[PDB]
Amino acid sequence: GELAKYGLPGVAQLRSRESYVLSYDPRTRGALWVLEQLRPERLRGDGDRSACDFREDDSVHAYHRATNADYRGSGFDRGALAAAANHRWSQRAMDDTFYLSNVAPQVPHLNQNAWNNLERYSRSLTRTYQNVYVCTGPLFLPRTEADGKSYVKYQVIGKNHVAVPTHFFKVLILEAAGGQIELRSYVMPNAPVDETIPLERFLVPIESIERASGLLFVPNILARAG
């Protein structure tokens, strides 16, 4: 009827970029998830860019838009979700990974070491799988406190209150030569992670990522396999 006469206050904010598609959460001022399709034939190239040349996303309303000022002085890196080095195959592809809508505040040690390693390993799977789908996003995990109750606590940085994830997830969909598809899901804390711990140790059941993140992967995958 006439219920939506004045519109709806919010709807899904999908963004298609050259290198990824993301879903944006204006409450946290960051993406819910970012989706990439890596493959060996559309991976390497001449693209390059300064490691620090990130840009705020003018397609996001200013009330809900993360800025470089939000990160300045916070002690966090602008941690990209869709990695720049996945997309040197075109300058525009690589540039799009520097929208702040594709980054979250990331402990610098993590960004530089164990997360970097995981991104590098993910890229390397294109040498032995036809396609490597990568879905990357934040987590805000509850913890139990000494009063016996459970709470979600996270920092928010800058005037725009950009949320600092407690953890990050990364889901790989590995398309092997002809048909057979394999699923690998990792979680790391937003913390200095020992770079020598084997990445295997950070695998988790996909369902626990689904539960915590509010997202669903397995049903879409079973649906595609039919």
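Numbering starts at 1 and follows the sequence shown.
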item	value
Higher-scoring stretch by recorded Cα B factor average, 35-43 or 183-191	35-43
Residue range whose averaged C-alpha B-factor is higher in the record, 209-217 or 10-18	10-18
Record-listed C-alpha B factor of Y151: chain third	lowest
Ranked C-alpha temperature factor of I157 among modelled chain residues, by third	lowest
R29, C-alpha B-factor rank within chain (lowest, middle or highest third)	middle
Chain third (lowest, middle, highest) by recorded CA B-factor, residue given as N102	middle
Assigned third (lowest, middle, highest) for the C-alpha B factor of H61	middle
